[PDB]
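# Below: the sequence, then the experimentally determined structure.
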Protein chains: 2
Amino acid sequence: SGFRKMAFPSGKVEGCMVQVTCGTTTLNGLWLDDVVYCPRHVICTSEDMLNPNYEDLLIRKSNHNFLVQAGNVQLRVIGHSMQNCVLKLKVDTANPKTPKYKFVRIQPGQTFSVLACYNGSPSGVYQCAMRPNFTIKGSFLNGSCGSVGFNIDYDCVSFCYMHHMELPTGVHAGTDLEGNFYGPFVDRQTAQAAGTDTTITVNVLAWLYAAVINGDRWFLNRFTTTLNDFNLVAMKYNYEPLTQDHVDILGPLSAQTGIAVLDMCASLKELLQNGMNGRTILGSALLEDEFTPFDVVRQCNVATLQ
Amino acid sequence: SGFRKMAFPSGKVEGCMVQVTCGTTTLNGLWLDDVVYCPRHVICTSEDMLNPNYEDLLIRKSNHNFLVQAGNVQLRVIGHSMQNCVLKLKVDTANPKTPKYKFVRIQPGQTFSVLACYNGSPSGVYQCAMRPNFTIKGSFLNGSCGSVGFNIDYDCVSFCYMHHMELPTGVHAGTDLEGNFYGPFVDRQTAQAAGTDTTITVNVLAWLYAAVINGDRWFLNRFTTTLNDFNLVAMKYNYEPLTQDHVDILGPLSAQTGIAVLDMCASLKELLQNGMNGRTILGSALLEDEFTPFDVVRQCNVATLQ
Ligand code: NA
């Protein structure tokens, strides 16, 4: 029993974290086989960051300008190139601790584990969801750039996020490992215009099912609604529309509890309209939206048949 | 910026987790040097669990009754002994991945990372706090026994918790790595109600300081309180007493913000008497008590002088 925000065990990723220094800037990089991946703004001076000509800045650099440290050992850089906002440093040594891995681009609403690093050294691990406005609500200090987000899918590490920036509102922005930003953001010091954030409805419903599986049932009502009526109410509360695909992926949880998805929607509608009665659900006084249906299935052992 | 429940990176502990099987019971063990530590109730049948005499149960066991698997590799058991509620299995091979480590017994209010494991395989990682009633509000399923809690001090893993049991209320209980339970609990199927859980006041104050450092200030007021008048209020709401030692450990945060501890206590007194009136603090609608003063110092970069 119990329900907690849980991250993947981070060991396979820890063995890939290195420190990258260029000039006086130090941040983290990801060493997979004979390539280190890191944010390209490691090459910028303060002046460059106001209006960076990255293509010209990278040409001006030489391999000897990149200091790559893997624990106590310096790795020799023997080539460099750029893919969108990620710098790729070729090193003369392949990482023997490279895990089976893939680079994936996640969708809003999806969750992943963040390995926060400083000075090439892993510091903490926490679960995050990609917000509908493509930001993440993380905890990061200076030196965290290059920290990565990932999921473990069977025997493979699926890297989905590289940290690049904190917006002035205190939320975070980054790229996939092909160097493309999530959201309309750029790696420079300039106005960055995040969309209004919204609540991830399918995840809230998943978490209400987790509550029921754990015996927290007070908020259930016997009513059921239509998908269209639910969406009319929920969008007044800045919730994302619920789609038939969302209904379908909640199916394992509706099966386990015997509570139809549109019956749970009517329970959520009443919570939004009338509030949480001064009560908690799974230890929270607010509706939680950073747990996906699969996060709930895995933590509650829902997928067994007996 | 940001404030998140964060666990330590788990890799140093992942390298120590093994599977231990006795009869048809399988659970997890912790392999350090040439010893594997696990809950002693791995030797019990269903009948035994109702009323075990562990010394007598262990006399009839031989080294060959213990199957220890590290990956797809069996470890030869060459001795077995019991220390309080932990079984120690001597194996013929020292774990080459043993980190620097120590065994510590933590206090209520203290936080630690849990590496939840199944079949000797790490599954997820999360932060939790020891409750004043010596229970932990964890997330554990059948097969999690043997999972461990820990803190890291740069290079040293301080092991503080081994998981043994879920009470019928859904909370968890376990031992330190010397086998002594936290709290009045026993490794037997028998009634064992936990004491009343109370709120960890010093941690709530630390979290209010985290909020101020992150820009949430709406709850600060011009009221003042003595320590005793604060405790007279807090105890009415099942908060632990705040002592002068707690006031001192909040020193770094009262220094960073310029807000005296007793002035923050006056803010807490008003929140307790009146609620938050439709507001949130650091994204929560309740007063959070599972972050220690040092958790706040570390995420909020408080321990620098410039
Ligand atoms: Na309903």
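Thanks, I have the structure now. Numbers count the residues shown, from 1 in each chain, chains lettered A, B, ... in the order given.
# Any chance of the backbone angles for the residue in chain A that chain B sits nearest to?
In chain A, the residue that lies nearest chain B is residue A:11 (2.9 Å; CB to the nearest CB). For the C-beta atoms, the positions are set from N, CA and C on the backbone; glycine is no exception. Backbone torsions of residue A:11, given as degrees, to the nearest 10, read phi -50, psi -40.
# How about it, nearest residue that isn't a chain neighbour?
The shortest distance from residue A:11 to any non-neighbouring residue, by CB to CB, 6 or more residues apart in numbering or on different chains, is to residue B:11 (2.9 Å).
# Could you verify my assumption that that neighbour touches residue A:16?
No. The pair residue B:11 and residue A:16 fails to qualify as a contact (CB atoms under 8 Å) at a distance of 10.7 Å.
# any residues touching stretch A:212-229, and which ones?
Stretch A:212-229 is contacted from outside by A:1-3, A:208, A:211, A:242, A:244, A:247, A:253, A:256-257, A:259-260, A:262-263, A:265-267, A:269-271, A:276-277, A:279, A:281-282, A:296, A:300, A:302, B:170, using CB atoms under 8 Å, 6 or more residues apart in numbering or on different chains.
# Intersect those with the contacts of the ion.
If you filter these for contact with the ion, counting by CB under 5 Å from the ion, you are left with A:263, A:266-267.
# Who's the closest spatial neighbour of residue A:124, skipping the chain neighbours?
Excluding its sequence neighbours, the residue lying closest to residue A:124 (CB to CB, 6+ apart) is residue B:6, at 3.8 Å.
# Residues of the stretch 101-250 of chain A that sit close to chain B?
Taking CB under 8 Å from any CB of the partner chain as the test, the list of the stretch 101-250 of chain A residues beside chain B reads A:115-116, A:122-126, A:128, A:137-141, A:166, A:170-172, A:214-215.
# Next step: those restricted to helices.
Cross-referencing these against helices under DSSP state H gives no overlap.
# neighbours of the residue of chain A closest to chain B, just the number please.
By the measure other CB atoms under 10 Å in any protein chain shown, the count of residues near residue A:11 is 22.
# Now the phi/psi pair for the nearest residue to residue A:180 once chain neighbours are set aside, please.
Excluding the flanking residues, the one nearest residue A:180 by CB to CB, 6+ apart is residue A:84, at 5.1 Å. Its backbone dihedrals place residue A:84 at phi 50, psi -120, with angles given as degrees, to the nearest 10.
# if I look at residue A:84, how far off is residue A:138?
Residue A:84 sits 21 Å away from residue A:138 when distances are taken as CB to CB, to the nearest Å.
# strands paired with the longest strand along chain A, and their directions?
Taking residue count as the measure and DSSP state E as the definition, the longest strand of chain A comes out as strand A:156-166. Partner strands and pairing direction for strand A:156-166 (DSSP bridges) are strand A:101-103 (parallel), strand A:148-153 (antiparallel), strand A:172-175 (antiparallel).
# Show me how far that strand is from its chain's centre.
Computed by CA atoms, centre = their mean, to the nearest Å, the separation of strand A:156-166 from the middle of its chain amounts to 7 Å.
# Over in the stretch 1-150 of chain A, which residue gets nearest the ion? Let me know.
With CB to the ion as the measure, residue A:3 is the residue of the stretch 1-150 of chain A nearest to the ion, at 20.6 Å.
# and that residue, backbone torsions?
Dihedral angles of residue A:3 (phi, psi; degrees, to the nearest 10) stand at phi -150, psi 120.
# Tell me who's in contact with it.
A:207, A:210-211, A:214, A:282-283, A:296, A:299-300, B:139.
# Next, format the residues you listed as TSV and append neighbour count and secondary structure.
Written out in TSV, the entries for the contacts of residue A:3 read as follows (neighbours: other CB atoms under 10 Å in any protein chain shown; DSSP: H, G, I helix; E, B strand; the rest coil):
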residue	neighbour count	secondary structure
A:207	23	helix
A:210	25	helix
A:211	22	helix
A:214	18	coil
A:282	15	coil
A:283	15	coil
A:296	24	helix
A:299	24	helix
A:300	21	coil
B:139	23	coil
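# any idea which of these is closest to residue A:101?
Closest to residue A:101 out of these is residue A:299 (24.0 Å), distances taken as CB to CB.
# dump the residue contacts of the closest one.
Residues near residue A:299 by CB under 8 Å, 6+ apart: A:3-4, A:6, A:210, B:124, B:139.
# again, 6 Å this time
The contact partners of residue A:299, by CB atoms under 6 Å, 6 or more residues apart in numbering or on different chains, come to residue B:139.
# for the ion, what are the nearby residues on the stretch 101-250 of chain A?
Residues of the stretch 101-250 of chain A lying near the ion by CB under 5 Å from the ion: A:221, A:223.
# change it to 8 Å
Applying CB under 8 Å from the ion, one finds that the stretch 101-250 of chain A approaches the ion through A:220-225.
# Of those, keep whichever come out buried.
Using 16 or more other CB atoms under 10 Å in any protein chain shown as the burial test, these include A:220, A:225 as buried.
# Spell out which residues make up each domain of chain A.
A:15-91, A:201-299 (automatic domain parsing).
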